[PDB]
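requesting a structural model of the entry that follows:
(7 chains)
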Amino acid sequence: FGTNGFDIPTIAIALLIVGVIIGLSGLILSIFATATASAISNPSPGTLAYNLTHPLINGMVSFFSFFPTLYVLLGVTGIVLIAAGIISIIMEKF
Amino acid sequence: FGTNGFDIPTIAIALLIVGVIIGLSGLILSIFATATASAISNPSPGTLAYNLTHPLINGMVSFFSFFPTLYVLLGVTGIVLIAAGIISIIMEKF
Amino acid sequence: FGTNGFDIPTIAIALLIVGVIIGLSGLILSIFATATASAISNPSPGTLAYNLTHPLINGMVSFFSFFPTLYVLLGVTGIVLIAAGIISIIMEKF
Amino acid sequence: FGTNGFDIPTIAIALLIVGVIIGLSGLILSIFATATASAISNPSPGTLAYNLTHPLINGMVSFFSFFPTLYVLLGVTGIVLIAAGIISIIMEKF
Amino acid sequence: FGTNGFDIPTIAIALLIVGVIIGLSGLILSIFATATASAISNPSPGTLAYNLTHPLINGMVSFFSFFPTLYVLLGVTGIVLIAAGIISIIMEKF
Amino acid sequence: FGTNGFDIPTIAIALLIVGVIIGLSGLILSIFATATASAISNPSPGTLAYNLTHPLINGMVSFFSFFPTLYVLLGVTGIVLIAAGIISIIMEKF
Amino acid sequence: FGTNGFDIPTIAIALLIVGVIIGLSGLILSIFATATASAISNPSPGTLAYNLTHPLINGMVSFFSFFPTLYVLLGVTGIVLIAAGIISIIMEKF
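Numbering: from 1, shown residues only, chains lettered A, B, ... in the order given. Below is the structure in question.
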C-alpha cells in the first residue's frame, strides 16, 4: 500500500515500536531513579561530604530536566516524516 | 523508520543508554565519595599534616565543581543531534 | 550515537573513569601523607638534623601546593573536548 | 507550476525549511546562553578577575545585539526573490 | 533557494555556527581566566617578583581589552555579506 | 561562509586559539618568575657576588619590560587582518 | 515458544532458580550471623581487646549495609532482560 517506500502498515508498525520503546525507557528510568534516591543520603549542610556530593546531584537534576525537550523533538519528527510521505505520494501519483 | 541513518527507535534506545549510564555514574561517585569523606580526618589547623593534605581536598572540591557544566554540555549535545536529523530528513524528503 | 568518534555513552563512561581515578588518587595520597606526618619528628630549631631535614619538607610543601592548578587544568580539558565534539557534529551534520 | 525555475511549491518548501532552521537556531542559542549565564560568576568590581573577564562579556553582548539586523535582512531577502520571480513570469508569459 | 551560491538556509546555518562558536569561546576564556586569576598572587609593591611579573599582567589586560573591537568587526562582516548577496540577486534576477 | 579564504568560523576559532595560548603563556611565565625570585638572594651591596649578579637581573627586568609592546602589536595585527578580509569581500562581491 | 533464544518457559524457570537461590542465601547468612553474634563478646569500652576488635565489627556492619543495593540492582537486571526480549520479538516478527 504505497508507491516507493511509503507503506502505511510499516508506518503503523514503526509507531508501535517507538511507543513501546519509550514506555519501557520511562519505566526503567523511574525504577532506577527510585533506587538512586534510596541509596544516597543527606550527610549535613556544610560538612565535607556535602561539598563532595552536591554538584553530582545538581548535574543529575539538570540532565533529567533536559530530557523533556528531547522527547518533544522526537515526537515532532514523525509529523515531518508523515508529511513528506504525503507530499511524495501527491507529487507523482497524478 | 528513517531515510539514511536517522532511526527514531535507535535514538530512543540511545537516550535510554545514556540515561542509565549517567545514573550509574552518579550513584557510584556518591557512594565512593561517602567512603572518601569517612576515611580522611581533620588533624589540626596549622600542623604538618594540614599543610600536607589541604591542597588535595581543594583539588577534589574544584574538580567536582567542574563536573556540572560538563553534564550540561553533554545534555545540550543531544538537542543538536536531533535537530540535525530533522533538517536532514526535510532536505531531501521533498 | 554519534557521527565518527563522538559517542555520548563513551564520553559519560570516560567521565566516570576519570572521576573514580581522581577520588582514588586523593584518598591514597591523603592516607600516605598521614603516615609521612606521623613518621618525621621535629628534632630542634637549629641543630644538625634540622639543617639536614628542613629543605626536604619545604619541597614536599611546594609540590603539594603545585598540585591544585594541575587538577584545575585537568578539569578544564574536558570542556574543550566536549566543545570540539559539538562543533564537529554541527559542521557536517547539515 | 512555473516557467523556468520559479515553482510555487518549491518556494513554499523553501520557506518551510528556512522557518524551521531559524526556530532551531534560536532555540539552541537560548539554551546554550542559559548555560553560559549559569557558568560565569561575578568576582568583584575592581579585582584582577574583573579586568580579566569584563571585555569578553562586553563582546558577547555586542555580537548578540548585532544578530537582530542580520535576521531582518535575511527576512527582506525573500520578498526580493519572490518579486523577481513575479516579474520574470510577467516578462515572457505575454 | 537562491541563484548561484546565495542560499538562505545556508546563511542561517552559518549564523548558527558562528554564534555557537563565539559562545563557546567566551565560556572557555572566562573559565580559564578565573584559573589564571586564582593562580597568580600579589607578592609586594616594589620587591623583585613585582618587577618580574607586572608587565606580563599588563600585557594580559591590554590584549583582553583589544578583543572587543575584534568582535565588533567580526559582527559587522555578516551585514556586508548579506548585503552583497541581496545586490547580486537583484542584479540579474531582472 | 565566505568567498575564497575568509571564513568567520575560522576567524573565531583562531581568536580562540590565540587567546588561550596567550593566557597559558602569561600563567607559565608568572609561575616560573615566582620561582626565579625565590631562588636568587641578595648577597650585599658592594661585594663580589653583587658585581657578579646585578647585570643579569638588570637584563631580566629590561626584557620583561620589552614584552608589553610586543603583546600590543600582536593584538593590533588581528584588526588589520579582519579589515583586509572585509575589503576583499567588498571588492568582488559586487 | 519464542523466536531465537527468548523462551518464556525458560524465563520462568530462571526466575524460579534465582528466587530460590536468594532465599537460601538469606537463610544461610541469617543463621550464620546469629552464631557470629553469639560468639563474640563485649570485653570493655577502652581496654586492649576493644581496640583489637572494634574495627572488625565495624567492617562487618558496613559490608552488610552494602548488601541491600546489590540486591536491588540484581532485581532491576531482570526487567531489562525481559524488555530486551520483547523488543527483539517485535523487531523481526513483523
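
just list what the helix or strand where residue A:57 lies packs against, helices and strands only.
Using DSSP states H and E, the element containing residue A:57 is helix A:48-93. Contact here means 3 or more Cβ pairs under 8 Å, 6 or more residues apart in numbering or on different chains; DSSP states H and E; on that basis helix A:48-93 packs against helix A:8-39, helix B:8-39, helix B:48-93. For every residue, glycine as well, the C-beta is placed using N, CA and C.

run the angle between that helix and helix C:8-39 for me.
170 degrees (axes from the mean of the first three to the mean of the last three Cα atoms, to 10 degrees).

which residues touch residue A:72?
The contact partners of residue A:72, by Cβ atoms under 8 Å, 6 or more residues apart in numbering or on different chains, come to none.

also residue A:11?
A:82, A:85, B:1.

list phi and psi for residue A:45.
phi -90, psi 80 (degrees, to the nearest 10).

could you do residue A:7 as well?
Torsion angles, degrees, to the nearest 10, at residue A:7: phi -120, psi 110.

let me see the contact set for the residue nearest the centre of chain A.
Compute the mean C-alpha point of chain A, and by Cα atoms, centre = their mean the closest residue is residue A:71, 4.1 Å away. Listed by Cβ under 8 Å, 6+ apart, the contact set of residue A:71 reads residue A:22.

which one among the contacts of residue A:11 gets closest to chain C?
Nearest to chain C, judged by Cβ to the nearest Cβ, of these is residue B:1 at 16.4 Å.

ok, residue A:1 touching residue A:10?
No. In this structure residue A:1 lies outside contact range of residue A:10 using Cβ atoms under 8 Å: 9.0 Å.

look at these two and report which has more neighbours.
residue A:10 (14 against 8; other Cβ atoms under 10 Å in any protein chain shown).

and that one, how far from residue G:48?
Look at residue A:10 and residue G:48: by Cβ to Cβ, to the nearest Å, they are 78 Å apart.

with distance to residue E:42 added, can I get the helices and strands packed on helix A:48-93 in TSV?
Shown next, in TSV, are the helices and strands packed on helix A:48-93 (distance: least, Cβ to Cβ, whole Å):
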stretch	distance to residue E:42
helix A:8-39	45
helix B:8-39	34
helix B:48-93	20
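
quick check: closest non-adjacent residue to residue A:2.
residue A:8 (7.0 Å; Cβ to Cβ, 6 or more residues apart in numbering or on different chains).

the closest residue to residue A:69 other than its chain neighbours: how many residues sit nearby?
Nearest residue to residue A:69 in three dimensions, chain neighbours excluded: residue B:79, at 6.6 Å (Cβ to Cβ, 6+ apart). Here the number of neighbours of residue B:79 (other Cβ under 10 Å) works out to 18.

pretty sure residue B:79 sits against residue A:67.
No. With contact defined as Cβ under 8 Å, residue B:79 does not count as touching residue A:67 (10.7 Å).

would you list the phi and psi of the nearest residue in space to residue A:85 that is not next to it in sequence?
Spatially, and ignoring its direct neighbours in sequence, residue A:85 is nearest to residue A:6 (4.1 Å; Cβ to Cβ, 6+ apart). Phi and psi for residue A:6, reported as degrees, to the nearest 10, are phi -90, psi 110.

quick check: residue A:6 vs chain C, distance?
In this structure, residue A:6 and chain C are 25 Å apart, going by Cβ to the nearest Cβ, to the nearest Å.

anything in stretch A:18-33 near chain B?
Yes. Stretch A:18-33 lies within reach of chain B by Cβ under 8 Å from any Cβ of the partner chain, at A:18, A:21, A:22, A:24, A:25, A:28, A:29, A:32, A:33.

number of nearby residues for the third one?
If you count neighbours by other Cβ under 10 Å, residue A:22 ends up with 18.

now do the contacts for it.
Residue A:22 neighbours (Cβ under 8 Å, 6+ apart): A:71, B:12.

how about a cut-off of 7 Å?
residue B:12 (Cβ atoms under 7 Å, 6 or more residues apart in numbering or on different chains).

for residue A:41, which non-adjacent residue is closest in space?
residue B:34 is the one closest to residue A:41 (Cβ to Cβ, 6+ apart), at 7.9 Å.

what's the neighbour count on the one you found?
If we define neighbours as other Cβ under 10 Å, then residue B:34 has 17 of them.

do I have it right that it meets residue A:50?
No. Using Cβ atoms under 7 Å, residue B:34 is not in contact with residue A:50, being 11.0 Å away.

from the chain's centroid, how far away is the helix holding residue A:57?
Distance, stretch centre to chain centre, for helix A:48-93: 6 Å (Cα atoms, centre = their mean, to the nearest Å).

burial count for residue A:14?
Counted with other Cβ under 10 Å, residue A:14 comes out at 19.

and stretch A:54-64, what's buried?
Residues of stretch A:54-64 classed as buried under the neighbour-count rule (16 or more other Cβ atoms under 10 Å in any protein chain shown) are A:55, A:56, A:57, A:59, A:60, A:62, A:63.

re earlier: isn't the residue nearest to residue A:2 up against residue A:14?
No. With contact defined as Cβ under 7 Å, residue A:8 does not count as touching residue A:14 (10.6 Å).

which residues touch the nearest residue to residue A:43 once chain neighbours are set aside?
In space, not counting the residues next to it along the chain, residue A:43 is nearest to residue A:49; the distance is 3.9 Å by Cβ to Cβ, 6+ apart. Shown in contact with residue A:49 (Cβ under 7 Å, 6+ apart): A:43, B:33, B:34, B:37.

re earlier: wait, which of the helices and strands packed on helix A:48-93 is closest to residue G:75?
helix A:8-39 (9.0 Å; Cβ to Cβ).

tell me how far the closest one lies from the chain's centre.
8 Å.

can you get me a residue count around the closest residue to residue A:17 other than its chain neighbours?
The shortest distance from residue A:17 to any non-neighbouring residue, by Cβ to Cβ, 6+ apart, is to residue B:9 (5.4 Å). Applying other Cβ under 10 Å, we find 18 other residues in the vicinity of residue B:9.

residue B:9: what's it in contact with?
A:17, A:18, A:21, B:1.

likewise residue A:84?
So residue A:84 contacts B:89, B:93, B:94 (Cβ under 7 Å, 6+ apart).

just the buried ones from these?
Buried among the contacts of residue A:84 (16+ other Cβ under 10 Å): B:89, B:94.

and the contacts of residue A:84 as CSV, adding distance to residue F:75?
Listed next are the contacts of residue A:84 as CSV, based on distance: Cβ to Cβ, whole Å:
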residue, distance to residue F:75
B:89, 45
B:93, 49
B:94, 49
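
not counting sequence-adjacent ones, nearest residue to residue A:81?
Using Cβ to Cβ, 6+ apart, the nearest residue to residue A:81 is residue B:89, at 6.3 Å.

quick one: contacts for that neighbour?
Residue B:89 touches A:80, A:81, A:84, B:3, B:6, counting by Cβ under 7 Å, 6+ apart.

which of those residues has the most neighbours?
Busiest of the contacts of residue B:89 [other Cβ under 10 Å] is residue A:81, holding 21 neighbours.

neighbours of residue A:47, just the number please.
Neighbours around residue A:47, by other Cβ under 10 Å: 10.

how much space is there between the residue nearest to it when sequence neighbours are not counted and residue B:30?
Closest residue in space to residue A:47, ignoring its immediate chain neighbours: residue B:37 at 7.6 Å, by Cβ to Cβ, 6+ apart. Residue B:37 sits 11 Å away from residue B:30, taking Cβ to Cβ as the criterion.

who's more crowded, these two?
More neighbours surround residue B:30 than the other of residue B:37 and residue B:30, with 20 against 17 (other Cβ under 10 Å).

ok, now how distant is that one from chain A?
In terms of Cβ to the nearest Cβ, residue B:30 sits 5 Å off from chain A.

quick one on the thing from earlier: name the nearest of the contacts of residue B:89 relative to residue F:75.
residue B:6 (45.0 Å).

does that closest one touch residue B:86 like I think?
No. Using Cβ under 7 Å, residue B:6 is not in contact with residue B:86, being 8.4 Å away.
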